[PDB]
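Asks: Below: one structure in structure tokens.
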Amino acid sequence: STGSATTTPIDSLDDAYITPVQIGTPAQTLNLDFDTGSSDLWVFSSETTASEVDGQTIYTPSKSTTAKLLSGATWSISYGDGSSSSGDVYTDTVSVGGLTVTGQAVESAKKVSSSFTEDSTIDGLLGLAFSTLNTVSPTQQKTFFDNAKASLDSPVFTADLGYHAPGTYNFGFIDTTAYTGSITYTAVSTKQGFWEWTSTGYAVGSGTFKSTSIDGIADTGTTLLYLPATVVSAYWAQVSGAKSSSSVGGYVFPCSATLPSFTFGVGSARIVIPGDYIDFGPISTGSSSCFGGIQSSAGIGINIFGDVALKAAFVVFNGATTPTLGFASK
């Protein structure tokens, strides 16, 4: 089997991407944030505290003839941005782009933090990291990809995120029309539960490539590119007027600037992020100070190849017995 679904930016900045997902019988379609940095499929629901729902579409398990309470199971998750959610668990039928899993754990939110409530466009998350990170207790549950893997034509999914445009998540096949050149594969460590790999270095604009190992994670659920302070300083030093602002929470730059590109290494191959992809617009409405799309990871504990980086590439998440990651230009 295979599946193919379009993923769409939630706003004009590409702050995140939503993909429609069919849950239950008859189908209830929710727009979920596919997140290769976590491993829980959770949704706004008829059980979510009413004051914490503001425009989202909800899953109502009582209206699904295939829903079943997973007795005793609870979940609770906290994300790197300080947001969180928690609740109980049903199993139900879940379909993405024509690919159907029966018995998928659907984590029903009883509580969500303010940032989820405040984002009316995201109805929940669909985790695509390794199932060892799933938070369901006392019986950990499998991701959608883990459950579908055996049925797929090939045990892979691909992320093709658009810049200010829709893109595609495919399951079970590699669309050879969706990228240019060849796909360069690189090793993955699953020891932390992430799609964790080592970039071979970077360049800023037309500058020379610096060969240096950068361990980080491929994370479709993080907006920006978070890299070591040395790398980020070298990038922003090429932008007149750019500075790190403690009050804003990262590097800012004059909105009148033209930003240089940023290149990262994948083995001997190179992925070029155009400068425009690094512009996240005014820090507040009407400001001439703009927020940078490359930020320091020094306070995180891990480097994060988020959407800024991934949307410059066609990315293969290879879930073979030994997982690997593939990157191609497009």
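The chains in the structure tokens are called A, B, ... from first to last as shown; in each chain the residues are counted from 1, and the ligands are counted from 1 in the order shown.
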With the cut-off set at 9 Å and counting only C-alpha atoms, tabulate each residue of region 11-119 of chain A with an atom at most that distance from an atom of region 131-140 of chain A, showing the nearest atom pair and its distance in Å to one decimal, ordered by chain and increasing number, as a tab-separated table.
Replies:
residue	atom	partner	partner_atom	distance
A:38	CA	A:133	CA	6.7
A:39	CA	A:134	CA	4.8
A:40	CA	A:134	CA	5.4
A:41	CA	A:134	CA	8.9
A:72	CA	A:138	CA	7.7
A:73	CA	A:137	CA	5.5
A:74	CA	A:137	CA	5.5
A:75	CA	A:136	CA	4.5
A:76	CA	A:135	CA	6.2
A:77	CA	A:135	CA	6.5
A:88	CA	A:136	CA	8.6
A:89	CA	A:136	CA	8.0
A:107	CA	A:136	CA	8.3
Asks: Keeping only C-alpha atoms, write the selected residues as a PDB file, in the first residue's frame.
Replies:
ATOM      1  CA  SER A  38       7.595  13.385  18.466  1.00  0.00           C
ATOM      2  CA  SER A  39       5.695  10.121  18.545  1.00  0.00           C
ATOM      3  CA  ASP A  40       2.130  10.795  19.776  1.00  0.00           C
ATOM      4  CA  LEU A  41      -0.923  11.152  17.548  1.00  0.00           C
ATOM      5  CA  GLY A  72      -6.551   2.707  31.654  1.00  0.00           C
ATOM      6  CA  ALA A  73      -4.307   4.444  29.136  1.00  0.00           C
ATOM      7  CA  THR A  74      -3.307   8.061  29.609  1.00  0.00           C
ATOM      8  CA  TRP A  75      -0.823  10.347  27.903  1.00  0.00           C
ATOM      9  CA  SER A  76       0.973  13.576  28.697  1.00  0.00           C
ATOM     10  CA  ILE A  77       3.524  15.378  26.560  1.00  0.00           C
ATOM     11  CA  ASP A  88      -6.883   9.535  27.516  1.00  0.00           C
ATOM     12  CA  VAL A  89      -6.673   7.160  24.559  1.00  0.00           C
ATOM     13  CA  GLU A 107      -4.802  10.248  21.990  1.00  0.00           C
TER      14      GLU A 107
END
Asks: If we count only C-alpha atoms and set the cut-off at 9 Å, which residues sit around residue 84 (chain A), ignoring sequence neighbours fewer than 6 positions away in its own chain? Please answer as a count of residues only.
Replies: 9
Asks: Can you pull out every residue within 9 Å of region 56-69 of chain A, counting only C-alpha atoms, but drop anything in the same chain fewer than 3 positions away, and send it as a VMD selection string?
Replies: chain A and resid 23 to 31 43 to 48 53 72 to 73 88 to 93 102 to 103 108 117 119 to 124
Asks: Here is a test: counting only C-alpha atoms, which residue of A:172, A:37, A:205, A:166 is nearest to residue 14 (chain A)?
Replies: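 Ranking A:172, A:37, A:205, A:166 by distance to residue 14 (chain A), first place goes to A:166.
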Asks: May I ask which of the residues A:129, A:234, A:278, A:313 is the closest one to residue 189 (chain A), counting only C-alpha atoms?
Replies: A:129
